[PDB]
Structures are given as structure tokens and as C-alpha cells.
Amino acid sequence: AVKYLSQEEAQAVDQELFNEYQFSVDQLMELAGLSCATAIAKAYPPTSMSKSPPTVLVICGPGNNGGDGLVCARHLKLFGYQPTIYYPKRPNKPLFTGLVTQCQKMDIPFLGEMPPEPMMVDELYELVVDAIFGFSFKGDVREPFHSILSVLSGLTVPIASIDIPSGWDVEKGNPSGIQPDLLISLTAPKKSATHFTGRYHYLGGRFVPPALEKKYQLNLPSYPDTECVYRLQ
């Protein structure tokens, strides 16, 4: 049975990865983003969708979860989805400026505003990716994300969350928060994951050294062959 990580633990593992093992931030994010794009394509394959190419809104927050979202948007386009991104708060750091340019030149469009009504999102986007807040959230949630989350909580189309459903307390969840259909837990699941009631839970981020998985007793499942995702439960 895979370990579900405290916020303490998750912070520690993440910090080993960057300092002790010296993975660069972009390397880990590229693998995370790919895992996400991959989970989405397995859960919601293109052939199984009414639109062709199937359309997807990726909503990216102001830190690393946002960046996973950018990577994810990009691999989705390659897997034959048609993504659109909303990215309202963009850290001005080469990592993020690069990701934005990549998507831009992939003709992945960045909206200037969130569609203000649940219905409009529903009509335009067959699936929505919540790439807003991640495991290091505390929060608490400022604008424009409060009003964004609030639009999301009224959607009828599925939500895919990266790592944590944004708006949820990282260990305790949130009974009134958003309720996604797919959760991609990166590295290993966080304790908020026990409150998850969607259909698809996937593990992603196939880059965890054995020595580290042992040290924290993560008990990761065996990813099949060369896959970067594993369907849990």
C-alpha cells in the first residue's frame, strides 16, 4: 500500500530531489508535465470524445504547479488534443518565460480572461486541467484564483487536478472545494488524496530514486514497462 505523504514529508522529498540528487527544476517539471498529459490521454482518450480534436482548458497558477500545467498543455497538443491555457499570474523567470514561448509557438493560445460563467467553459472545453496550486500551498487563496475556483466548482465537464485539487488543504482536503474527476498524484500521493472520490487516480513522476523511495518507505507501485503513469486502486 503506497504511502500518502504529509506536507512535511512531501517538502522533504522534494528538497532531496533538488539538493541531494541535484535534479534541476525543469527536468522534474518536464517529467511531471508529461505524466499529467499522459494520465489525461489514458483517462480521456481522443477517440472517446465528441469533439475532434478534443479541446482542453489548462488553468495555470503562479508557481510550479502552473509550470507543470504548461508542460502538460504542450504534450497534450502533441498527443492530439487542442488545448487553451489561462495563466493569469506569471513569474518573470526564464523557466516560465521559456515555457510560455514554447506553447505560444505551438499555437497554444493563452486567454486574456477566464470565461466568467461555468456554462461557457462547459461549451468550449471538454475537459479542464487544474494546474493552479500544488503541494506547498498553505494557502490562503487570493484573487483571481478565488473567483476562478468558484467558476470551476460549477462546471459539468470533468476536472483533472495536478498533484492536489487546488483550494483543498494539503492534508485535510476541503468538503466544499472543487471535486475533480481525475487526480494525477506526482511522486507519491499526499494525504489529501484519501478524500478523493473521482474515478481516475494516477501516479505520475517516474523519477524517484530507489534509495529515496526506501528512505521514506513510499512503497511505490511498479509502473508497467516504460510507462510514466500508473492507475491507482
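Note that residue numbering follows the sequence shown and begins at 1. We call the rigid core whatever largest set of C-alpha positions still superposes within 1.5 Å between the two forms.
Once the structures in 6 other deposited structures of this protein are superposed via the core, the pair 137-145 and 85-93 is resolved in favour of 137-145 as the more displaced stretch (C-alpha RMS). Of the two segments, 90-98 and 136-144, the one listed with the higher mean B-factor is 136-144 (C-alpha atoms only). Just going by the entry, 68-76 versus 115-123 on mean CA temperature factor gives the higher value to 115-123. Note on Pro62, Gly204, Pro54, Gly177: the highest value goes to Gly177, judged by CA B factor as recorded. When the C-alpha B-factors of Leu186, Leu28, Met49, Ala39 are ranked from the entry, the top spot goes to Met49. The entry lists a Cα temperature factor for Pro45 that places it in the highest third of the chain's modelled residues. In the deposited entry, the Cα temperature factor of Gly33 sits in the bottom third of values across the chain's modelled residues. Placement of the Cα temperature factor of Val170 within the chain: highest third of the modelled residues, per the deposited record. In this PDB entry, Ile164 carries a Cα temperature factor that places it within the middle third of its chain's modelled residues.
Among the modelled residues of its chain, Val58 has a C-alpha B-factor that falls in the lowest third, as given in the PDB entry.
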